[PDB]
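Structure record follows, encoded as structure tokens.
Just the heavy atoms: all of them, side chains too, but no hydrogens, waters or symmetry mates, feed the values below. Residue numbers start at 1 and run along the sequence shown.
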Amino acid sequence: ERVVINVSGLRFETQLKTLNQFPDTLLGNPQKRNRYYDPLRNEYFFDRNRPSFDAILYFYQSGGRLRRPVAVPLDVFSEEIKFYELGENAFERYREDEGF
């Protein structure tokens, strides 16, 4: 199944398997992502920061590689990874990488 994730108008597509390899995340848990399902357009809608989602999706496609885009502020991205509940293990690699 093809999944469409609409972030403030910017649509991303990926395989259901891709998101499910990380079941303890918002997008990897049907019970959590379904709270954002748009019945009208058959897609998941997130009224959030667009430039950050690129790094969020690549996290899944890369197997866990969490890299903040150079153009996205540290405080913004941190909020995003937190909202998508990427996990402590990844939030650590992220902190060491950023400095704190």
Side-chain angles (χ1 to χ4, degrees), residues 1-81 83-88 90-95 97-100:
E1 293 60 58
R2 183 66 61 72
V3 179
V4 177
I5 302 173
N6 174 351
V7 181
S8 296
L10 188 51
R11 295 183 167 72
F12 295 79
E13 279 180 50
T14 191
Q15 301 289 44
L16 200 47
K17 297 116 293 300
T18 304
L19 296 178
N20 289 318
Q21 70 191 69
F22 290 118
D24 295 307
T25 65
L26 187 160
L27 293 175
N29 185 314
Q31 275 65 225
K32 288 174 181 175
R33 62 172 189 256
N34 288 332
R35 295 295 309 296
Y36 298 86
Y37 184 70
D38 180 338
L40 214 194
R41 305 176 182 73
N42 181 46
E43 67 190 15
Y44 300 85
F45 182 63
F46 288 97
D47 187 20
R48 313 175 66 77
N49 183 267
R50 294 154 60 103
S52 297
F53 200 75
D54 223 287
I56 297 301
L57 176 57
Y58 188 55
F59 175 78
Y60 294 83
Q61 307 170 313
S62 66
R65 179 175 292 163
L66 179 63
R67 312 288 189 62
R68 169 174 66 79
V70 299
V72 183
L74 197 176
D75 59 324
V76 173
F77 196 65
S78 299
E79 278 173 51
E80 299 307 298
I81 65 188
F83 172 71
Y84 292 112
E85 296 163 37
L86 293 186
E88 285 308 307
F91 194 50
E92 289 192 64
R93 307 195 292 290
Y94 176 65
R95 294 201 298 294
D97 284 40
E98 294 298 323
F100 54 110

(request) List for me each residue that meets side-chain hydrogen bond (donor to acceptor under 3.5 Å, both in side chains) alongside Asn42, sequence neighbours excluded, and say none if there are none. (result) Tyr37

(message) How long is the straight-line distance from CZ of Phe83 back to CD1 of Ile56, given to the nearest 0.5 Å?
(response) 10.5 Å

(message) Show the nearest heavy-atom pair for residues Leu66 and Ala90, with the distance to one decimal.
(response) CD2-O, 3.7 Å

(message) Which residue is it: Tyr60, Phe53, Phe77, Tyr44? I am looking for the one with a ring-ring contact (aromatic ring centres under 6.0 Å, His included) to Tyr84.
(response) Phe53

(message) Any donor-acceptor pair under 3.5 Å linking the side-chain atoms of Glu43 with those of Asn6?
(response) yes

(request) Taking all heavy atoms of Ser78 and all of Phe100, pick out the closest pair and write down the distance. (result) OG-CZ, 4.5 Å

(message) What I'd like to find out is whether the side chain of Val4 reaches to under 4.5 Å of the side chain of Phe12, using heavy atoms alone.
(response) no

(message) Please check if the number of heavy atoms outside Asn49 that lie under 6.0 Å from its CG is greater than 12.
(response) yes

(request) Output yes when a side-chain donor or acceptor of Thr18 lies under 3.5 Å from a complementary backbone atom of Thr14, and no otherwise. (result) no

(message) So, using side-chain hydrogen bond (donor to acceptor under 3.5 Å, both in side chains) as the criterion, who are the partners of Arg67 when residues are at least two apart?
(response) none

(request) Output all residues satisfying side-chain hydrogen bond (donor to acceptor under 3.5 Å, both in side chains) with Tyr58, sequence neighbours left out; order by chain, then residue number. (result) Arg65

(request) Please list, chain by chain and in numerical order, all residues satisfying side-chain hydrogen bond (donor to acceptor under 3.5 Å, both in side chains) with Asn29, sequence neighbours excluded. (result) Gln31

(request) Could you name each residue pair satisfying salt bridge (charged side-chain N to carboxylate O under 4.0 Å, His left out) that touches residues 27-37, not counting sequence neighbours? (result) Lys32-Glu85

(request) Kindly indicate whether the side chain of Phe91, heavy atoms from C-beta on, has any atom under 4.5 Å from the side chain of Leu86. (result) no

(message) For a quick test of reading the model, state the closest non-hydrogen atom pair linking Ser8 to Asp47 and the distance between them.
(response) OG-C, 3.7 Å

(message) Show the nearest heavy-atom pair for residues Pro51 and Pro69, with the distance to one decimal.
(response) O-CG, 3.9 Å

(message) Could you tell me if the side chain of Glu98 sits less than 4.5 Å from the side chain of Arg68, heavy atoms only?
(response) yes

(request) Applying salt bridge (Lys or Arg N to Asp or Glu O under 4.0 Å), name anything that partners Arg2, two or more places apart in sequence or on another chain. (result) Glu13

(message) A side-chain contact here means heavy atoms from C-beta on lying under 4.5 Å apart; do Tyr36 and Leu27 qualify?
(response) no

(message) With heavy-atom distances below 4.5 Å as the criterion, would you say the side chains of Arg93 and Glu88 are in contact?
(response) no

(request) Using the rule that two of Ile, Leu, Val, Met, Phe, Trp, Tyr join whenever any of their side-chain heavy atoms come within less than 4.5 Å, decide whether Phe45 and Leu19 are in one cluster. (result) no

(request) State the CG-CD distance between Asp75 and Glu80, to the nearest 0.5 angstrom. (result) 10.0 Å

(message) Please determine whether residues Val3 and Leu40 belong to a single hydrophobic cluster, defined as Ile, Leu, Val, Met, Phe, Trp and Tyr linked transitively by side-chain heavy-atom distances below 4.5 Å.
(response) no

